[PDB]
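All chains are named by letter (A, B, ...) in the order of the sequence lines, taking the proteins before the strands, and each is independently numbered beginning at 1. Atoms within each ligand, like the ligands themselves, are counted from 1 in listed order.
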Amino acid sequence: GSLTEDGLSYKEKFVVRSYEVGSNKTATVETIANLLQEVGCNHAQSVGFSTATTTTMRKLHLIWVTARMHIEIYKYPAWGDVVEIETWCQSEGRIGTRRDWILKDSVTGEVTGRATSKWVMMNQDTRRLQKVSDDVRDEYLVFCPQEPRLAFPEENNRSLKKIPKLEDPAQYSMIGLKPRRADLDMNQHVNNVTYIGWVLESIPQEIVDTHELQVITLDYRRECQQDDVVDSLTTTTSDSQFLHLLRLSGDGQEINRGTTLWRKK
Amino acid sequence: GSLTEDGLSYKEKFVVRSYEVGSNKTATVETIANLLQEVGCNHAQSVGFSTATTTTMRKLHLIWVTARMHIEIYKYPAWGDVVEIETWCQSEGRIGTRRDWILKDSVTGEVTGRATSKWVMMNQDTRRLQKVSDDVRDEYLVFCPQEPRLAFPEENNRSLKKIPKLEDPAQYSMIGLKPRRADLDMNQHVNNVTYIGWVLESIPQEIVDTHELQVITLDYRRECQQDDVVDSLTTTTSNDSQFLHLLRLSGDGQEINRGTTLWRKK
Ligand SMILES: Nc1noc2ccccc12
Ligand SMILES: Nc1noc2ccccc12
Ligand SMILES: Nc1noc2ccccc12
Ligand SMILES: Nc1noc2ccccc12
C-alpha cells in the first residue's frame with residue numbers, strides 16, 4: 001500500500017482469500033469491514049502514527065472510538081480477485097473525525113463499494129466522551145484534505161439517518177452470543193467487526209440464501225466486555241429492510257443499534 | 001504466490017495484518033492456521049484443481065477431510081512482518097495424504113515454524129471413510145515429490161503421538177461455544193481453524209498472558225454442525241506447561257476433537 005501523490009489519502013490492494021468468502025464464493029461483509037480497518041491502520045502508520053493517537057492524546061490518555069459505521073456494497077469481490085481500497089480522514093469540528101473509504105475492482109477500475117465512519121474522542125480510563133481540543137486537532141489537520149471530500153455526498157443520505165430503538169417482541173433473535181479470543185484486537189477489546197457479525201446472526205438464513213446485503217449502518221453505544229453475553233434482535237421494517245438491536249443478555253443494556261438493506265439475488 | 005522450479009511445492013508471502021495479531025502484537029496461532037489453509041488452497045489451484053478433488057473423486061462424491069493438524073511455532077511474526085510459507089503434499093499409500101508446511105522470516109530466511117496434516121478420503125454424502133483407490137492416487141501422484149520430504153523428520157516426534165481421552169472432571173472448561181456465520185467456509189461447514197480457537201478457549205488467561213504457545217496437535221473425529229453447541233475441556237498434564245484437551249457436544253457429550261498443547265514461559 002501507499003499514500004497518494006498529495007499525501008492526503010492512502011491506497012492498498014488485497015487479494016480475496018479462500019477463508020474470507022461465503023457460500024456465493026465472494027467476500028463476506030465482515031471480510032470487507034476487516035480490510036477497511038486494515039487499510040485505515042496502514043494509512044495511520046504511513047503518516048507517522050506510532051504502533052492512531054497524537055502526542056497530546058497520549059499525554060491526556062485519549063483515544064479514537066467508532067460511533068457509527070456505514071457500508072454500501074454494489075458487488076462483493078470473488079475469491080482470488082484483487083480489490084483496491086482508498087481511504088482518507090476529515091475533521092468535522094469539535095464533534096470528532098470521519099474516515100471514508102472507496103472500494104474498486106482493480107481490473108476494471110469501477111467503484112464496487114463505499115464506506116464512512118464517525119469517530120469520537122474518549123478518555124481510555126474513564127470512558128468519558130468530550131469534544132476535540134484545538135491542540136489535538138492541529139496535530140492531525142495536516143494529514144486531512146481541507147476541502148470536503150465525501151464518499152456519501154448526497155444531501156441527507158442513508159449514512160446520516162437516525163436509527164430508532166427496536167421494540168419488544170423482536171421478529172427474530174439469536175441469544176447467548178459470546179466473544180472468543182479471536183474476536184479480540186491487540187488491546188484485548190472486542191473488534192468492531194465482531195458486532196457486525198453479531199447483528200447479522202439474527203437475520204434468517206432464507207434471507208441470506210436469496211438476497212445480497214447491500215447497505216449496513218451500525219451505531220456503537222457501549223462496548224461488549226470479554227465476559228459479557230449478547231442477544232441479537234431483528235425485525236423486518238419493509239428489497240428487504242431490517243431494524244437491529246444488540247443488548248446484554250442479562251439486564252438488556254443496549255450495546256448497538258442498526259439497519260440493513262438487502263437486494264433479491 | 002508461485003509453484004517452485006520443480007513444480008512439486010508452492011511458496012507464498014503474507015504481510016501480517018493489524019486484526020490478525022494478539023496482545024503481544026504477533027500473529028495468533030489461528031491466523032497462522034488460516035495462512036496454512038490459504039497457501040494450501042493456492043497450491044491446489046496452481047496445479048489445476050478446479051475452484052481439491054480429482055476427476056474420479058468428483059464422480060464418486062469423495063472429498064479430502066483433515067484427520068490431524070500439528071503446528072510448531074518458534075517465533076510468531078509481528079504485525080507488518082512478511083512471513084514466507086512453503087507447502088507440499090505426499091501420499092502415504094492407501095491411508096490418505098499428508099500436507100506439510102515450512103514457515104520462514106522473509107527477511108532473515110530462518111525457519112520460524114512448521115506444520116503437518118493427515119488427510120483421509122470421505123464420501124461427502126454418507127460420511128463413510130475409505131482407503132484411496134489406485135485410480136484416484138494416479139490422478140494426484142504427479143503433483144507430489146516421490147522421495148520422502150518431511151517437515152517433521154525426527155524419530156519419535158510429537159506429530160505422530162497418540163492422544164488419550166480427557167477423563168471427567170476437567171481442570172478447566174469453557175461451555176456453550178457456538179459457531180457464527182464467520183466461522184463457516186464457502187461450503188457452509190465449520191472452518192477447521194474454528195476448532196483450534198475452541199480448544200484454546202479453555203486455557204486460563206494467566207497461561208496465555210505468561211506463556212507462548214509452542215506446539216498444538218489436534219485430532220478431528222466428528223464435525224460440529226452449524227446448530228451444534230460445544231464444550232471445551234482442558235487438564236494440565238505437566239519452564240514448560242502441557243495440557244490435554246477435549247471438545248464434545250454440550251448435550252450428549254459426543255467427542256468432536258481431542259488435542260494437546262505445549263507452552264513455553266515468556
Ligand atoms: N478500525 C480502523 N479503521 O481506521 C483505522 C485507523 C487507525 C486505527 C484503527 C482504524
Ligand atoms: N490515522 C490518520 N490518518 O490521517 C488522520 C487524520 C486525522 C486523524 C487520524 C488520522
Ligand atoms: N485447509 C486446507 N489446507 O490445504 C488445503 C488444500 C486444498 C483445500 C483445502 C486446504
Ligand atoms: N492440492 C494438491 N496439490 O498437490 C496435491 C497432491 C495430492 C493431493 C492434493 C494436492
Q: For B:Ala52, counting its heavy atoms only, list the atoms of ligand 4 lying under 4.0 Å from any of them.
A: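 Selected atoms, number and element: 1 (N).
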Q: Give me the residue, atom name and distance of the protein heavy atom closest to atom 7 (C) of ligand 2.
A: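 Looking only at protein heavy atoms, the one closest to atom 7 (C) of ligand 2 is A:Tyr140 CD1, 3.3 Å.
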Q: Using heavy atoms and a threshold below 4.0 Å, how should the contact between A:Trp119 and ligand 1 be classified: side chain, backbone, both, or neither?
A: side chain
Q: Does the residue B:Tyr19 have a heavy-atom contact with ligand 1, meaning some pair of atoms that are separated by less than 4.0 Å?
A: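 Under 4.0 Å: no for B:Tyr19.
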Q: Of the listed options (B:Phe49, B:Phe143, B:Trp88), which comes nearest to atom 9 (C) of ligand 4 when hydrogens are ignored and any heavy atom counts?
A: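 The residue whose heavy atom sits nearest atom 9 (C) of ligand 4 is B:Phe49.
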Q: Regarding A:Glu20 and B:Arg17, does a basic nitrogen lie under 4.0 Å from an acidic carboxylate oxygen?
A: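 Between B:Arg17 and A:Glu20 there is a salt bridge, with a charged N closer than 4.0 Å to a carboxylate O.
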Q: Under a 4.0 angstrom heavy-atom cut-off, which atoms of ligand 2 come close to A:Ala44?
A: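 The list of qualifying atoms is 1 (N).
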Q: Considering heavy atoms of the protein only, find what lies nearest to atom 8 (C) of ligand 1 and give residue, atom and distance to 0.1 Å.
A: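 Of the protein heavy atoms, A:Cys41 SG, 3.7 Å lies nearest.
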Q: Considering only NZ, NE, NH1 and NH2 on the basic side and carboxylate oxygens on the acidic side, decide whether B:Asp135 and B:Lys59 come within less than 4.0 Å.
A: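 The answer is no: the pair does not qualify as a salt bridge.
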Q: Establish, yes or no, whether a centroid distance under 6.0 Å links the rings of B:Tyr140 and B:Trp64.
A: yes
Q: Within ligand 1, which atoms have a heavy atom of A:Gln37 less than 4.0 Å away?
A: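 In order of number, 1 (N), 2 (C), 3 (N).
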Q: Counting from 1, what ligand 4 atoms have a heavy atom of B:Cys144 closer than 4.0 Å?
A: 6 (C), 7 (C)
Q: Below 4.0 Å from any atom of ligand 4, is there a heavy atom belonging to B:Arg99?
A: yes
